[PDB]
């Protein structure tokens, strides 16, 4: 019981432990993407204006 | 548990650690592209005018 449940628990815990990292990284990259779209559409806005 | 979860965590963390770099680089390149489109459309605007 302790071996099998411990194994599956460690495995799924590793899964979530990774997923939170790519999640937060997705957040920071979402922020950089937000700035990118921001300044890009802003500078482009002068052109279309 | 510590080995597998540590491996997957280091791997995904490497992924996000790269993605933030190409993200910020995408930001700076977006800025250079913004200036490029800016001066280009501006100088071209004199021509069409």
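Where a number appears in this text, it was derived from the coordinates with a stated rule and is not lab data. Ideal geometry is used to build each Cβ from the backbone, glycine not excepted, and the neighbour counts take in all protein chains shown.
Computed from Cα atoms, the angle from the helix A:2-48 axis to the main principal axis of chain A rounds to 0 degrees.
Diffusion of the protein assembly as shown by Stokes-Einstein, at 4 °C in a medium of 1.567 mPa s and with Rh set to the Kirkwood radius over alpha-carbon pairs, works out to 79 µm²/s. For residue A:44, the distances from its label point to the matching points in the remaining copies are 1.4 nm, ordered from shortest, with each point set 7 Å beyond Cα toward Cβ.
Can you pull a Stokes-Einstein diffusion coefficient for chain A at 20 °C (1.002 mPa s), Rh from Kirkwood over Cα pairs, as a whole number of µm²/s? Reported coefficient: 155 µm²/s.
With the simple model of a label 7 Å out from the Cα in the direction of the Cβ, residue B:32 to residue A:41 spans 2.5 nm.
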